[PDB]
file entry_16.cif (mmCIF, C-alpha atoms (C1' of nucleotides) and all ligand atoms)
data_coords
#
loop_
_atom_site.group_PDB
_atom_site.id
_atom_site.type_symbol
_atom_site.label_atom_id
_atom_site.label_comp_id
_atom_site.auth_asym_id
_atom_site.auth_seq_id
_atom_site.Cartn_x
_atom_site.Cartn_y
_atom_site.Cartn_z
ATOM 1 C CA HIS A 1 8.876 -0.470 -122.529
ATOM 2 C CA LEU A 2 5.675 -2.491 -122.086
ATOM 3 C CA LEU A 3 3.230 0.418 -122.532
ATOM 4 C CA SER A 4 4.194 1.433 -126.115
ATOM 5 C CA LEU A 5 4.164 -2.085 -127.629
ATOM 6 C CA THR A 6 1.352 -3.856 -129.477
ATOM 7 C CA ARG A 7 -0.751 -6.561 -127.814
ATOM 8 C CA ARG A 8 1.160 -9.327 -129.653
ATOM 9 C CA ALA A 9 4.536 -8.467 -128.100
ATOM 10 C CA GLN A 10 2.924 -7.500 -124.758
ATOM 11 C CA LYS A 11 1.147 -10.849 -124.345
ATOM 12 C CA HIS A 12 4.212 -12.684 -125.733
ATOM 13 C CA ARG A 13 6.355 -11.088 -123.002
ATOM 14 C CA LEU A 14 3.779 -11.438 -120.206
ATOM 15 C CA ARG A 15 2.363 -14.932 -120.926
ATOM 16 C CA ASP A 16 4.365 -16.390 -117.999
ATOM 17 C CA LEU A 17 2.695 -14.153 -115.404
ATOM 18 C CA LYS A 18 -0.625 -14.389 -117.290
ATOM 19 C CA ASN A 19 -0.703 -18.171 -116.805
ATOM 20 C CA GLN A 20 0.673 -17.704 -113.261
ATOM 21 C CA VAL A 21 -2.358 -15.532 -112.427
ATOM 22 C CA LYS A 22 -4.533 -18.024 -114.338
ATOM 23 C CA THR A 23 -3.504 -21.022 -112.215
ATOM 24 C CA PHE A 24 -3.483 -19.030 -108.950
ATOM 25 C CA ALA A 25 -6.979 -17.635 -109.617
ATOM 26 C CA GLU A 26 -8.361 -21.074 -110.463
ATOM 27 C CA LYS A 27 -6.712 -22.171 -107.185
ATOM 28 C CA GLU A 28 -8.214 -19.499 -104.906
ATOM 29 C CA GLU A 29 -11.186 -17.674 -106.450
ATOM 30 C CA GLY A 30 -12.768 -20.470 -108.508
ATOM 31 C CA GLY A 31 -12.831 -19.272 -112.108
ATOM 32 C CA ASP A 32 -12.481 -15.499 -111.586
ATOM 33 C CA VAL A 33 -9.333 -14.105 -113.258
ATOM 34 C CA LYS A 34 -10.888 -10.673 -113.930
ATOM 35 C CA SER A 35 -11.505 -9.815 -110.258
ATOM 36 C CA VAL A 36 -8.022 -11.166 -109.413
ATOM 37 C CA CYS A 37 -6.255 -8.786 -111.810
ATOM 38 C CA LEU A 38 -8.670 -6.065 -110.606
ATOM 39 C CA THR A 39 -7.555 -6.507 -106.968
ATOM 40 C CA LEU A 40 -3.933 -6.587 -108.188
ATOM 41 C CA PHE A 41 -4.442 -3.303 -110.082
ATOM 42 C CA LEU A 42 -6.111 -1.719 -107.028
ATOM 43 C CA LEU A 43 -3.262 -2.740 -104.694
ATOM 44 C CA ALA A 44 -0.585 -1.603 -107.166
ATOM 45 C CA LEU A 45 -2.281 1.796 -107.516
ATOM 46 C CA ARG A 46 -2.911 2.309 -103.775
ATOM 47 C CA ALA A 47 0.638 1.376 -102.720
ATOM 48 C CA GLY A 48 1.748 4.434 -104.723
ATOM 49 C CA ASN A 49 -0.703 6.918 -103.102
ATOM 50 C CA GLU A 50 -2.491 7.403 -106.463
ATOM 51 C CA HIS A 51 -5.887 6.784 -104.890
ATOM 52 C CA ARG A 52 -7.490 8.978 -107.570
ATOM 53 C CA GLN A 53 -6.957 6.592 -110.476
ATOM 54 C CA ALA A 54 -8.144 3.688 -108.309
ATOM 55 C CA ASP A 55 -11.316 5.657 -107.513
ATOM 56 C CA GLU A 56 -11.883 6.343 -111.216
ATOM 57 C CA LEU A 57 -11.388 2.637 -111.902
ATOM 58 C CA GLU A 58 -13.925 1.689 -109.222
ATOM 59 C CA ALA A 59 -16.308 4.279 -110.703
ATOM 60 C CA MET A 60 -15.866 2.534 -114.065
ATOM 61 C CA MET A 61 -16.306 -1.047 -112.776
ATOM 62 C CA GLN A 62 -20.054 -0.866 -112.152
ATOM 63 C CA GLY A 63 -19.759 2.794 -111.227
ATOM 64 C CA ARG A 64 -22.662 4.414 -109.385
ATOM 65 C CA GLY A 65 -23.338 7.170 -111.898
ATOM 66 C CA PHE A 66 -22.337 8.506 -115.264
ATOM 67 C CA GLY A 67 -25.120 11.076 -114.832
ATOM 68 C CA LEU A 68 -26.840 12.433 -111.738
ATOM 69 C CA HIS A 69 -30.359 12.135 -110.410
ATOM 70 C CA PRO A 70 -32.448 15.287 -111.017
ATOM 71 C CA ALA A 71 -32.870 15.726 -107.258
ATOM 72 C CA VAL A 72 -29.239 16.314 -106.240
ATOM 73 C CA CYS A 73 -29.031 18.409 -109.404
ATOM 74 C CA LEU A 74 -31.712 20.787 -108.159
ATOM 75 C CA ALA A 75 -29.864 20.742 -104.844
ATOM 76 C CA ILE A 76 -26.582 21.938 -106.359
ATOM 77 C CA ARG A 77 -28.552 24.425 -108.461
ATOM 78 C CA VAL A 78 -29.980 26.204 -105.421
ATOM 79 C "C1'" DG B 1 -49.935 92.644 -62.811
ATOM 80 C "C1'" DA B 2 -48.789 88.615 -59.442
ATOM 81 C "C1'" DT B 3 -49.892 83.940 -59.384
ATOM 82 C "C1'" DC B 4 -49.973 79.276 -60.473
ATOM 83 C "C1'" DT B 5 -50.249 75.575 -63.939
ATOM 84 C "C1'" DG B 6 -50.842 72.698 -68.186
ATOM 85 C "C1'" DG B 7 -48.025 71.793 -71.075
ATOM 86 C "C1'" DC B 8 -43.928 71.863 -73.721
ATOM 87 C "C1'" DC B 9 -38.527 71.376 -74.044
ATOM 88 C "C1'" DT B 10 -34.832 68.990 -73.358
ATOM 89 C "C1'" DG B 11 -31.882 65.591 -71.380
ATOM 90 C "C1'" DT B 12 -31.518 60.783 -70.321
ATOM 91 C "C1'" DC B 13 -32.801 55.740 -70.655
ATOM 92 C "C1'" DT B 14 -34.341 51.241 -73.299
ATOM 93 C "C1'" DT B 15 -35.470 48.426 -76.729
ATOM 94 C "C1'" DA B 16 -34.728 47.743 -81.818
ATOM 95 C "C1'" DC B 17 -30.786 47.504 -87.021
ATOM 96 C "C1'" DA B 18 -27.202 46.952 -90.920
ATOM 97 C "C1'" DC B 19 -20.919 43.377 -90.481
ATOM 98 C "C1'" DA B 20 -20.638 39.134 -95.527
ATOM 99 C "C1'" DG B 21 -17.999 36.902 -98.125
ATOM 100 C "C1'" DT B 22 -13.834 36.517 -100.446
ATOM 101 C "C1'" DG B 23 -9.218 34.981 -101.797
ATOM 102 C "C1'" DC B 24 -4.784 33.093 -99.301
ATOM 103 C "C1'" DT B 25 -2.514 29.353 -96.359
ATOM 104 C "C1'" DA B 26 -1.314 26.322 -92.597
ATOM 105 C "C1'" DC B 27 -2.576 22.873 -89.977
ATOM 106 C "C1'" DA B 28 -4.320 19.139 -88.729
ATOM 107 C "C1'" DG B 29 -6.396 15.421 -90.830
ATOM 108 C "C1'" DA B 30 -6.275 11.889 -93.857
ATOM 109 C "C1'" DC B 31 -3.511 8.000 -96.535
ATOM 110 C "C1'" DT B 32 0.778 3.828 -96.181
ATOM 111 C "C1'" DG B 33 4.923 -0.108 -94.901
ATOM 112 C "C1'" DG B 34 6.321 -4.591 -91.728
ATOM 113 C "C1'" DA B 35 4.590 -7.039 -87.104
ATOM 114 C "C1'" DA B 36 1.344 -8.781 -84.754
ATOM 115 C "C1'" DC B 37 -2.250 -8.741 -82.797
ATOM 116 C "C1'" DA B 38 -6.673 -10.049 -80.573
ATOM 117 C "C1'" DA B 39 -11.623 -10.025 -81.281
ATOM 118 C "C1'" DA B 40 -15.434 -11.388 -83.532
ATOM 119 C "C1'" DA B 41 -18.303 -14.158 -87.943
ATOM 120 C "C1'" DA B 42 -19.856 -18.317 -89.458
ATOM 121 C "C1'" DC B 43 -19.308 -23.140 -90.939
ATOM 122 C "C1'" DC B 44 -17.658 -27.599 -89.465
ATOM 123 C "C1'" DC B 45 -17.216 -30.545 -86.189
ATOM 124 C "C1'" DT B 46 -17.664 -32.764 -81.243
ATOM 125 C "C1'" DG B 47 -19.311 -33.378 -77.169
ATOM 126 C "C1'" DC B 48 -22.776 -33.965 -73.544
ATOM 127 C "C1'" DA B 49 -27.199 -33.888 -73.825
ATOM 128 C "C1'" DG B 50 -33.176 -36.546 -73.710
HETATM 129 CA CA CA A 101 -32.004 41.941 -85.730
#

call {"tool": "encode", "arguments": {"input": "entry_16.cif", "output": "structure tokens", "more": "lines below"}}
Ligand SMILES: [Ca+2]
result
Amino acid sequence: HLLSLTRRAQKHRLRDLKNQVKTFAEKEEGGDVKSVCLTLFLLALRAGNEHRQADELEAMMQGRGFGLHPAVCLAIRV
DNA sequence: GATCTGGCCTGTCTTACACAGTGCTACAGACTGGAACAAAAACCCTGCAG
């Protein structure tokens, strides 16, 4: 399987689709491969009704808050 | 010692006050796949405009 292998064999196996995404992203988005594979990951996770992992991902990619503002904290407290 | 009466009893009537909050669970409410749609957003592109 692809998930247990090292990065050498993973990239060796996937280089075809890696350069496919490379050329398609330089075609459409103008030098943005990272956001292209991000939108691909989001669509592949939402098609399977696993919205939770997509929400965690979006909370990692410039996520609003690791920690909370003291205000809403006091709110929850009371 | 009757008489009448101020006042007291009792019965009834009216407005008030604690009865949350806690686990279970079912339901409706939200999310998607192809087809296909219309309706606007904003540049570009042209005209009819002086
Ligand atoms: Ca009351």

call {"tool": "atom_distance", "arguments": {"input": "entry_16.cif", "atom1": "CA of residue 61 (chain A)", "atom2": "CA of residue 35 (chain A)"}}
result
10.3 Å

call {"tool": "closest_atom_pairs", "arguments": {"input": "entry_16.cif", "of": "chain A", "to": "chain B", "cutoff": "9 Å", "atoms": "only C-alpha atoms (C1' of nucleotides)", "output": "CSV"}}
result
residue,atom,partner,partner_atom,distance
A:46,CA,B:32,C1',8.6
A:47,CA,B:32,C1',7.0
A:48,CA,B:32,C1',8.6
A:49,CA,B:31,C1',7.2
A:51,CA,B:31,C1',8.8

call {"tool": "atom_distance", "arguments": {"input": "entry_16.cif", "atom1": "CA of residue 62 (chain A)", "atom2": "CA of residue 43 (chain A)"}}
result
18.5 Å

call {"tool": "residues_near_ligand", "arguments": {"input": "entry_16.cif", "ligand": "ligand CA 101 (chain A)", "cutoff": "9 Å", "atoms": "only C-alpha atoms (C1' of nucleotides) and all ligand atoms", "output": "ChimeraX atom specification"}}
result
/B:16-18

call {"tool": "axis_aligned_box", "arguments": {"input": "entry_16.cif", "around": "region 64-72 of chain A", "padding_each_side": "8 Å", "output": "JSON"}}
result
{"center_x": -27.6, "center_y": 10.4, "center_z": -110.8, "size_x": 26.5, "size_y": 27.9, "size_z": 25.0}

call {"tool": "resolve_selection", "arguments": {"input": "entry_16.cif", "expression": "the PyMOL selection byres (((chain A and resi 22) around 10) and not hetatm)", "output": "compact mmCIF listing (two decimals) with C-alpha atoms, keeping the file's coordinate frame"}}
result
# COMPACT_ATOMS: atom_id res chain seq x y z
CA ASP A 16 4.36 -16.39 -118.00
CA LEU A 17 2.70 -14.15 -115.40
CA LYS A 18 -0.62 -14.39 -117.29
CA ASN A 19 -0.70 -18.17 -116.80
CA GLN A 20 0.67 -17.70 -113.26
CA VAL A 21 -2.36 -15.53 -112.43
CA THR A 23 -3.50 -21.02 -112.22
CA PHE A 24 -3.48 -19.03 -108.95
CA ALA A 25 -6.98 -17.64 -109.62
CA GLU A 26 -8.36 -21.07 -110.46
CA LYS A 27 -6.71 -22.17 -107.18
CA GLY A 31 -12.83 -19.27 -112.11
CA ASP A 32 -12.48 -15.50 -111.59
CA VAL A 33 -9.33 -14.10 -113.26
CA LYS A 34 -10.89 -10.67 -113.93
CA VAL A 36 -8.02 -11.17 -109.41
CA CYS A 37 -6.26 -8.79 -111.81

call {"tool": "atom_distance", "arguments": {"input": "entry_16.cif", "atom1": "CA of residue 52 (chain A)", "atom2": "CA of residue 65 (chain A)"}}
result
16.5 Å

call {"tool": "residues_around", "arguments": {"input": "entry_16.cif", "residues": "residue 2 (chain A)", "least_positions_apart": "3", "cutoff": "10 Å", "atoms": "only C-alpha atoms (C1' of nucleotides)", "output": "PyMOL selection string"}}
result
chain A and resi 5-7+9-11+13-14

call {"tool": "decode", "arguments": {"input": "entry_16.cif", "residues": "chain B", "atoms": "C-alpha atoms (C1' of nucleotides)", "output": "mmCIF file, in the first residue's frame"}}
result
data_model
loop_
_atom_site.group_PDB
_atom_site.id
_atom_site.type_symbol
_atom_site.label_atom_id
_atom_site.label_comp_id
_atom_site.auth_asym_id
_atom_site.auth_seq_id
_atom_site.Cartn_x
_atom_site.Cartn_y
_atom_site.Cartn_z
ATOM 1 C "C1'" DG B 1 -82.888 40.880 84.578
ATOM 2 C "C1'" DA B 2 -84.371 42.266 79.601
ATOM 3 C "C1'" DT B 3 -82.260 44.799 76.108
ATOM 4 C "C1'" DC B 4 -79.301 46.051 72.555
ATOM 5 C "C1'" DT B 5 -74.601 46.397 70.663
ATOM 6 C "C1'" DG B 6 -69.502 46.503 69.856
ATOM 7 C "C1'" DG B 7 -67.012 43.369 68.816
ATOM 8 C "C1'" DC B 8 -65.363 38.857 67.972
ATOM 9 C "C1'" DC B 9 -65.764 34.115 65.352
ATOM 10 C "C1'" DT B 10 -65.976 31.836 61.534
ATOM 11 C "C1'" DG B 11 -66.787 30.965 56.764
ATOM 12 C "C1'" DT B 12 -65.753 32.559 52.207
ATOM 13 C "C1'" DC B 13 -63.107 35.247 48.606
ATOM 14 C "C1'" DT B 14 -58.591 37.241 46.318
ATOM 15 C "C1'" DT B 15 -54.157 38.066 45.529
ATOM 16 C "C1'" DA B 16 -49.459 35.996 46.274
ATOM 17 C "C1'" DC B 17 -45.377 30.902 46.059
ATOM 18 C "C1'" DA B 18 -42.264 26.646 45.313
ATOM 19 C "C1'" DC B 19 -42.181 22.378 39.463
ATOM 20 C "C1'" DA B 20 -35.936 21.900 37.384
ATOM 21 C "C1'" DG B 21 -33.114 19.453 35.206
ATOM 22 C "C1'" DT B 22 -31.573 15.135 33.845
ATOM 23 C "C1'" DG B 23 -30.484 11.103 31.006
ATOM 24 C "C1'" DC B 24 -32.641 8.585 26.710
ATOM 25 C "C1'" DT B 25 -34.053 8.741 21.632
ATOM 26 C "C1'" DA B 26 -36.318 9.878 17.348
ATOM 27 C "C1'" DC B 27 -36.981 12.972 14.133
ATOM 28 C "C1'" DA B 28 -36.223 16.148 11.324
ATOM 29 C "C1'" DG B 29 -32.433 18.537 9.751
ATOM 30 C "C1'" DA B 30 -28.261 18.615 7.691
ATOM 31 C "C1'" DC B 31 -24.686 16.575 4.086
ATOM 32 C "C1'" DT B 32 -23.944 14.247 -1.387
ATOM 33 C "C1'" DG B 33 -24.104 12.267 -6.898
ATOM 34 C "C1'" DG B 34 -25.262 13.516 -12.303
ATOM 35 C "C1'" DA B 35 -28.056 17.342 -15.118
ATOM 36 C "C1'" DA B 36 -28.874 21.552 -15.955
ATOM 37 C "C1'" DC B 37 -30.039 25.361 -15.012
ATOM 38 C "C1'" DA B 38 -30.733 30.433 -14.938
ATOM 39 C "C1'" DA B 39 -29.293 34.595 -12.571
ATOM 40 C "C1'" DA B 40 -26.080 37.705 -11.365
ATOM 41 C "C1'" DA B 41 -20.503 39.745 -11.055
ATOM 42 C "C1'" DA B 42 -17.134 42.003 -13.413
ATOM 43 C "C1'" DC B 43 -13.863 42.622 -17.244
ATOM 44 C "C1'" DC B 44 -13.561 43.093 -22.189
ATOM 45 C "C1'" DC B 45 -15.303 44.719 -25.921
ATOM 46 C "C1'" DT B 46 -18.694 47.434 -29.195
ATOM 47 C "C1'" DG B 47 -21.789 50.407 -30.320
ATOM 48 C "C1'" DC B 48 -24.195 54.843 -30.500
ATOM 49 C "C1'" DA B 49 -23.245 58.656 -28.449
ATOM 50 C "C1'" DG B 50 -21.232 64.875 -28.172
#
